[PDB]
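Enquirer: The following block contains the structure, expressed as C-alpha cells.
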Amino acid sequence: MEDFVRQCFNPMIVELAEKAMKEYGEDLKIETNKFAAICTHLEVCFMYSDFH
Amino acid sequence: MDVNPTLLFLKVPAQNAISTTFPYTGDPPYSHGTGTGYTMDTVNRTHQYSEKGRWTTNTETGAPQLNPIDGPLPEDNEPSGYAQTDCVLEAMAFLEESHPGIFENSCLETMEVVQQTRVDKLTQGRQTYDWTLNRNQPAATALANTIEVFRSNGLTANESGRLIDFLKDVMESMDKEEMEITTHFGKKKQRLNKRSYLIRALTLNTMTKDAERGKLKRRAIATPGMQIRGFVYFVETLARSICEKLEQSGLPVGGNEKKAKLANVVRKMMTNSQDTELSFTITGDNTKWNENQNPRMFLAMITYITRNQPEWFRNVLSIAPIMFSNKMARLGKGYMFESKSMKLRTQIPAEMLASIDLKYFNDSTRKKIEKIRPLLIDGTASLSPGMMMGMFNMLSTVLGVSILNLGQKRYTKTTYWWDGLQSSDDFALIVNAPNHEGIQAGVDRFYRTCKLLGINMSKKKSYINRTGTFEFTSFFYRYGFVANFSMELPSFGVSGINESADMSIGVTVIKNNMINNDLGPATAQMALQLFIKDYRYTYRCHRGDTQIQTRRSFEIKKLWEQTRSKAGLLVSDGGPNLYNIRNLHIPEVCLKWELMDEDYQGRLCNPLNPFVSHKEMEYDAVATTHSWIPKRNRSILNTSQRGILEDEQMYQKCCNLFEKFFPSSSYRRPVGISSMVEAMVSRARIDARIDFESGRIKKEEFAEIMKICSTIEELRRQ
RNA sequence: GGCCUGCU
RNA sequence: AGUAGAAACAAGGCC
C-alpha cells in the first residue's frame with residue numbers, strides 16, 4: 001500500500017511524514033496505516049495554513 | 001644495632017601499622033612491550049580450565065568453540081570452569097525468594113532506562129576498538145565512524161537518536177550481504193563480506209595492563225568493539241539496579257558505604273551469636289575469576305531475571321551474553337625479533353603467527369603458539385569459554401551475592417550458617433556454628449557450592465580466624481576499621497590539569513584524607529607545605545621575592561614588584577600561601593578576594609581573556625585566566641591519518657555556529673532529528689518573526705534575513 | 001643535509 | 001656496555 005501514500009500526496013509532505021515516523025521510532029513497512037494517517041493530517045494542516 | 005622496621009610489629013598490631021607494608025612510593029611496574037605474550041597465555045589457560053568441556057564449531061564465524069557448562073563435576077581442587085546450569089538457577093531462585101520482587105522492580109527500572117537512553121551515552125566511555133580502522137580510537141571517534149559507515153551502507157534507523165534504534169541498526173548490519181568502508185591510506189573502498197564483518201564485529205582488542213600494584217607478573221586487559229558496547233551498557237544497568245537492592249552486594253557503592261555495610265554485617269553476625277556459638281571470618285579471595293565466568297551462565301541469569309517481561313526487553317538484554325559467547329580475542333601487537341650477528345631488529349604482526357615458522361621463538365612461546373594455533377582464525381583466536389576482563393562485574397557480583405545468600409540457615413538446614421559481603425573477585429564470609437567441626441563443615445559446604453556455581457576460592461590467599469580481625473579489598477578491620485593512609489598517597493602530587501585546577505584538587509585531596517583516612521592536623525599541614533612546594537616547582541610560579549631563575553621568573557618578579565597588596569597574588573602568580581587546616585574547603589581565588597588589588601583583580605578574572613576554556617573527583621573550581629588547557633601531542637601528522645584533523649576543524653566550526661544559534665546546546669545536549677541546516681534556518685526565521693512583531697527588527701532587515709534564509713534553503717536543496 | 005613527532 | 005625483566009629501550013617515519 002506504500003504506492004498510495006507515495007503517489008496521492010506531494011513529495012515534500014511524504015518526506016516530512018517519513019521524518020516524523022523515523023523520529024517516533026516506528027517503521028513504515030509495518031504500520032503503513034499510521035504513515036497514511038500522518039501524511040493526511042499534515043496535508044490537512046498545510047492546506048489550512050496556506051493562502052493566508 | 002641493625003635497624004629493622006618490620007620488628008615494629010612486635011608491639012604495634014599489624015592492622016594499625018599496616019601502612020608501613022605498602023610500597024606505594026615508587027614507580028609501579030610497567031609493561032615494556034607487546035601484550036601478545038599474555039593474551040595467548042590467557043586464551044590457553046581459559047581453554048585449559050575447561051578442556052573436558054564439549055567442543056563444537058560455530059557455523060557463522062566458522063571458528064571452534066568450547067562449551068563447558070553442565071560439564072563433568074570437578075574431581076580435584078584445581079580451578080574448574082564447569083558451572084552447572086541447574087545450580088546457577090537454584091541460586092538465582094533462592095535469591096529471588098529471599099528478596100521478593102527484586103527482579104520485577106529491576107526490570108521495570110531498566111525498561112524505563114532502555115526506552116529513554118540516547119545514542120550519545122556511548123560517547124562517555126574509555127578507549128574502544130573501532131572495527132573500521134582496526135585500531136584503538138576514543139569512544140566518540142569510534143561511534144562517529146560506525147554511524148558514518150552505517151549511514152553509507154543503507155542502515156539509517158539510528159537517526160531517531162535513541163540507543164535502541166542504533167542497536168537495531170547493529171543487528172540489521174550483520175545480515176547485510178556485504179558491508180563496505182572508505183578508509184584512507186585519496187581513499188580506497190574496502191568491501192567486507194558477511195563473515196569478515198561478523199568476525200570483525202565480535203573481535204576484542206587486547207592490550208597489556210599498565211601501572212598495576214601488587215603483582216609480579218603483568219596481566220592483559222581487553223577493550224570491546226563498538227557493536228557490543230550498547231548491549232553491555234544495558235546489561236550493566238540491570239545488574240547495577242539489582243545490586244543496589246542487595247544488602248550483601250558492595251560493588252555499586254563507594255568506599256565509605258562499603259565500610260558501613262561490612263561493619264553492619266559483622267555486628268549482626270558476631271554480636272547476635274550467643275556465648276556458646278563460635279564465629280570465624282574468612283578473608284578469602286577467588287582465583288582466576290574472569291577465566292571461569294562463562295557467558296552462558298550470564299545468559300541463564302538474564303533469562304531468569306527477565307521472566308514475565310515484554311519479549312523485546314528480554315531480547316535486547318539477552319543479546320549481550322550471546323555476542324560475548326562468540327567473542328574472538330585479537331592477539332595484539334605481535335612479537336619482535338632481533339639479530340645479534342647481523343645487528344638488526346624486525347617486527348612481525350601478530351596476524352602471521354598462524355603461518356610463521358616456529359624456529360624463531362623461545363621454548364615457551366613456541367609451545368604457546370603450538371597450542372593456540374588451532375583456535376586462530378584470520379588473525380584472531382576464539383575465546384568463548386571465559387571472559388577477558390570484567391565488563392560484567394555487576395552480574396558476577398550478583399552471582400556471588402546469591403551464593404552468599406544460599407546459606408541463611410533456611411537453605412543450610414543445619415546448625416552452621418554463613419553470610420557476609422561480596423565485591424566482585426573479593427569476599428568476606430562469616431561462619432557460625434556450635435563446635436569447630438561445625439565451622440569445618442560450613443566452610444566445606446561453601447567451597448563446594450562455589451565450585452558448583454563455577455567460582456573458585458583461592459586456597460593460597462585465604463585464612464580463617466576467629467571473628468574480629470579480618471581484611472576486605474584492602475579495608476583492614478580490627479574491632480573497627482583502621483585507616484591505612486598508603487593507598488591514597490599517589491593522589492597528593494599535582495594532578496596536572498592546570499594551575500587553578502591543580503590547587504583546588506590538591507587542597508580538596510588533603511581535606512578528604514583528613515576526613516576519611518584519619519590524617520592528623522600536623523601531617524595535614526606538612527602535606528600542604530609539600531604540595532605547595534611541588535606545585536611551585538612544577539609551574540615555575542615561585543614566590544617572587546626569591547632570586548630563582550627560570551623561564552617564567554622575570555615577569556613573575558615584575559608583577560610582584562608592580563602590585564601594591566603583595567599578600568593577594570595567587571600562588572600561581574607568585575603570591576604567598578594563605579591556606580591552613582581551616583581554609584582547605586575554600587577555593588583559592590575566593591580566599592584572597594579581600595586582599596586583591598582592583599587592577600590585578602580585574603585582569604585576573606576577565607571573561608574576555610583567551611585562556612579560559614569555558615569549563616570541561618569533584619574539585620571546586622573558579623573560572624580564571626589560570627584555567628588554560630594543555631596542548632596535544634600532535635603525533636598524528638606523520639601518519640597517514642592527517643585528514644582527520646581537517647574533520648575536527650570543520651566539526652568544531654559547525655558546532656560553534658550551532659552553539660551561536662541555540663544558547664542551550666552547551667548546557668544540555670541538543671535533541672531532535674532535523675538536519676542542522678534546517679534547524680538553524682527555522683530558528684533564524686522564528687527569531688526574526690518575533691523580533692519584527694515586537695522588537696528591534698524592522699521591515700528592511702526582516703526582508704534581508706528572509707531572503708538570505710530562502711537562498712540558504714535553495715543551496716541546501718541542491 | 002632539510003621537514004615532521006616525544007602517549008598514536 | 002647500560003636500563004630492564006617473561007619484552008622492550010639503547011631513536012622512528014617520509015622524501
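Throughout, read-outs are computed from the coordinates displayed, never taken from laboratory work. For neighbour counting, all protein chains shown are included, and Cβ atoms are generated from backbone atoms with ideal geometry for every residue, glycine included.
Enquirer: For the range B:1-99, what does the relative contact order come out to in percent, with C-alpha contacts under 8 Å and a separation of six or more?
Expert: That works out to 15 percent.
Enquirer: For every other residue with a beta carbon closer than 11 angstrom to the beta carbon of residue B:695, add +1 if it is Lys or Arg and -1 if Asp or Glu, then tell me the sum.
Expert: In short, -1.
Enquirer: So for B:651, B:477, B:24, fewest C-beta neighbours within 10 Å to most, what's the order?
Expert: Fewest-to-most Cβ neighbours within 10 Å comes out as B:651, B:24, B:477.
Enquirer: What is the extension gain from residue B:491 to residue B:257, computed as 0.36 nm multiplied by their sequence separation minus the C-alpha to C-alpha distance, in nm to one decimal?
Expert: 82.2 nm
Enquirer: Starting from the Cα of residue B:474, move 7 Å in the Cα-to-Cβ direction to define the label point; list residues of the range B:207-240 whose amide nitrogen is under 11 Å from there.
Expert: B:212-215
Enquirer: Further question: Given charges of +1 on the Cβ of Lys and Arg and -1 on the Cβ of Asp and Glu, with all other atoms neutral, how large is the dipole of the range B:233-338 about its Cα centre, in debye to the nearest 20?
Expert: 280 debye
Enquirer: I would also like to ask the following. Give the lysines whose C-alpha is closer than 16 Å to that of residue B:698, dropping any in the same chain fewer than 8 places away, or say none.
Expert: Those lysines meeting the cut-off are B:707.
Enquirer: While we're looking at this one, here's another question. For a label point 7 angstrom out from the Cα of residue B:195 toward its Cβ, which stretches of the range B:377-391 have the backbone nitrogen within less than 18 Å?
Expert: The answer is B:377-383.
Enquirer: Here is a further query. Could the peptides B:378-389, B:314-325 be put in order, highest first, of the mean number of other beta-carbon atoms found within 10 Å of their residues?
Expert: Top to bottom by mean Cβ count within 10 Å: B:378-389, B:314-325.
Enquirer: Calculate the dipole size of the range B:1-107 relative to its Cα centre from +1 charges on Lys and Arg beta carbons and -1 charges on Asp and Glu beta carbons; express the result in debye to the nearest 20.
Expert: 460 debye
Enquirer: Let me ask another. Using a 10 Å cut-off around each Cβ of peptide B:158-165, what is the average number of partner chain Cβ atoms that fall inside?
Expert: That works out to 2 on average.
Enquirer: Also, I was wondering about something else. Please average, across the residues of A:22-31, the number of beta carbons from any other chain that are within 10 Å of each residue's own beta carbon, and give a whole number.
Expert: Across A:22-31, the average partner-chain Cβ count within 10 Å equals 3.
Enquirer: Related question: For the protein assembly as shown, count the residues as N, evaluate 2.2 N^0.38 Å, and divide the Cα radius of gyration by that value, please.
Expert: After normalising by residue count via 2.2 N^0.38 Å, the value is 1.15.
Enquirer: Less than 11 Å Cβ to Cβ from residue B:221, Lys/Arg counted +1 and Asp/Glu -1: what total charge do the surrounding residues give?
Expert: +2
Enquirer: Taking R0 as 51 Å, what's the FRET efficiency between residue B:1 and residue B:121 from their Cβ-Cβ distance, rounded to 0.05?
Expert: 0.25
Enquirer: What ranking do B:154-166, B:4-16 get when scored by the average of other Cβ atoms within 10 Å per residue, highest first?
Expert: The densest-packed peptide leads the list: B:154-166, B:4-16.
Enquirer: Report Rg(Cα)/(2.2 N^0.38 Å) for the range B:496-597, keeping two decimals.
Expert: After normalising by residue count via 2.2 N^0.38 Å, the value is 1.10.
Enquirer: Just for the Cα atoms in the range B:262-303, what are the lengths along the principal axes, largest first, rounded to whole Å?
Expert: The principal-axis extents, from largest down, are 45, 25, 19 Å.
Enquirer: Here's a follow-up. Quick one: Debye curve from the alpha-carbon atoms of chain B only, equal weights, vacuum; give me log10 I(q)/I(0) at q = 0.11 Å⁻¹ to two decimals.
Expert: Here log10 of I(q) over I(0) equals -1.41.
Enquirer: Sticking with this one: Under 8 Å for C-alpha pairs, at least 6 residues apart: give me the relative contact order for the range B:420-510, rounded to a whole percent.
Expert: So the answer I get is 14 percent.
Enquirer: I'd like the FRET efficiency for residue B:463 and residue B:378, computed as 1/(1 + (r/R0)^6) with the beta carbon distance as r and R0 of 56 Å, rounded to 0.05.
Expert: Here the calculated transfer efficiency is 0.75.
Enquirer: Oh, and also: Gain in length, residue B:715 to residue B:674, computed as 0.36 nm per residue apart minus the alpha-carbon separation, to one decimal in nm?
Expert: 13.1 nm
Enquirer: Describe numerically, in nm with one decimal, the distance between label points set 7 Å from Cα along Cα→Cβ at residue B:25 and at residue B:315.
Expert: Placing both labels 7 Å beyond Cα along the Cβ direction yields 6.1 nm.
Enquirer: Compute the relative contact order of chain A as a whole-number percentage, counting only Cα pairs closer than 8 Å that sit 6 or more residues apart in sequence.
Expert: Over chain A, the number comes to 40 percent.
Enquirer: Right, something else. Taking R0 as 56 Å, what FRET efficiency do you get between residue B:698 and residue B:343 from their Cβ-Cβ distance, rounded to the nearest 0.05?
Expert: 0.10
Enquirer: Mind checking the mean number of beta-carbon atoms from other chains within 10 Å of the Cβ atoms in B:665-674?
Expert: 1
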